[PDB]
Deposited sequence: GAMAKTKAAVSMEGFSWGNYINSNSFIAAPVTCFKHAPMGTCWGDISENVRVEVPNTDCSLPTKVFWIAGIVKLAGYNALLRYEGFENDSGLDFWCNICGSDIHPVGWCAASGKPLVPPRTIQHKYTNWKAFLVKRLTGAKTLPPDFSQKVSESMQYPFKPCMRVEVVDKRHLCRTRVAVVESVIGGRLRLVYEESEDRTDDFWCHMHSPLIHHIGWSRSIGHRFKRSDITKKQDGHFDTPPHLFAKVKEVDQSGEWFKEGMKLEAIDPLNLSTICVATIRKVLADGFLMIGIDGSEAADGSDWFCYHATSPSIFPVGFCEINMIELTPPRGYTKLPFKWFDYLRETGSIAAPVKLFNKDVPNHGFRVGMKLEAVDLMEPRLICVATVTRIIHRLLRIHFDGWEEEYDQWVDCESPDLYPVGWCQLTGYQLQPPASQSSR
């Protein structure tokens, strides 16, 4: 019970017998779609650290345990001996397929521990490796390509105004890490004023999107060029020609200023291409500057009664005193209707998340931070994300297809800083 080392996913998982969400659960993540072959008992070639030699050589290792990008390896020949089991990023540079060492002409050197556990190594490896699963062809090329992102620095995009949700303003991509963009407002009012978001964030749009859709924008008064519109994530097309959302319709929505809560909300504006301006009752400026933009297909908006039927705490209007809050009484007092349930119809993906699974999650209240996290609840496609060590008051509601969730090891793979559990 005396831990005298820093944080590592490996020891964290082994010690408490944790389970990590596989890379498969993250479509946006690198190798998220080319991961079907990676599994336990898959053999690879990795450097042999069990060598007194001053140089470096390789050996065969099998995957004992797979946690996100991180794989627990055991050198071939140890069998059940876990004495030299070591963790690694399976997408790491030193991990190769099995043909790679000899077809390139380097000798496989057995670990010093089992050098005399078997006499004939040619016969040994032939019996062990014949018909064994390994890494897919051009796998290292796959990994390399996954680390190459179409969003380049100096690209201009439109993004929501952090301090004025109702309008967008032009930001510039200054740096890209693991598909995550550090955006800087073109007309900053703060020295390090940034906007961390993913490439395929629904919050960023091409130049001219605000004007085209009817969304408010900040009018402005260096090598920067406009992002090719074909790079942005595609929005699901809808048919708003018939029955559709109307101004005044009541609903439930995740507060963009507090992603820990789902709030009583109202449709304030119906825009083009499916987009809607939504306000939270009790927290609306008279000029409508607090109106946020959710698409009609957004997983962050819910029909009236969603929270109650699924046993989720609903945040009543600020200042509202008739507790506990009842939608029926509120619809009478405010003389309004609920947005029809049929408008919220959406597919519920087989995401593969399970309660208790570990992952790397963006702090949505501070997008700079990416922290060790856990899935504590699952409401169809709605996930309750908990940050290990911290108070559950700050658990955030996150969609299962969110690009702000990442597999275990994503930080190490992409070179992004990972926050460890609170002390």
Deposited positions without coordinates, collected into consecutive stretches in sequence order: 1-8, 230-234, 437-440
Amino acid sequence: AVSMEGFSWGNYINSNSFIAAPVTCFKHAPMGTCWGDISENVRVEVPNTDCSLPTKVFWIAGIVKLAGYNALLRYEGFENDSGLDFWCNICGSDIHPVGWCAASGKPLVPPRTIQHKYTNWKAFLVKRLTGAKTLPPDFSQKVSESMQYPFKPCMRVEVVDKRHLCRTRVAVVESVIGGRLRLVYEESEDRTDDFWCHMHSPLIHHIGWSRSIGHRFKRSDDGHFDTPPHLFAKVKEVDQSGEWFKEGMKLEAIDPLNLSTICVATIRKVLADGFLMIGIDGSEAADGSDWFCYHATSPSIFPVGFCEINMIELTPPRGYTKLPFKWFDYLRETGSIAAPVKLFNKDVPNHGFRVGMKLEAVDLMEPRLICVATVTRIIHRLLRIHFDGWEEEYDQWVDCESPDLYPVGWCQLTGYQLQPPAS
From here on, numbers count along this sequence of modelled residues.
Comparing 350-358 with 24-32, which stretch shows the greater average C-alpha B-factor in the deposited entry? 24-32
Is the mean CA B factor in the deposited entry higher across 132-140 or across 313-321? 132-140
Go through 246, 326, 219, 216 one by one and give the residue whose Cα B-factor in the PDB entry is largest. 219
Out of 81, 94, 281, 255, highest CA B-factor residue: 94
Could you tell me which third, lowest, middle or highest, the C-alpha B-factor of residue 107 occupies within its chain? highest
Taking only the Cα B-factors deposited for this chain, tell me whether residue 87 sits in the lowest, middle or highest third. middle
Mind checking which third residue 188 falls in for C-alpha B-factor across the chain? highest
Third of the chain's Cα B-factor distribution that residue 56 belongs to, per the entry: highest
Taking the C-alpha B-factors as the PDB entry records them, is residue 37 in the lowest, middle or highest third of its chain? highest
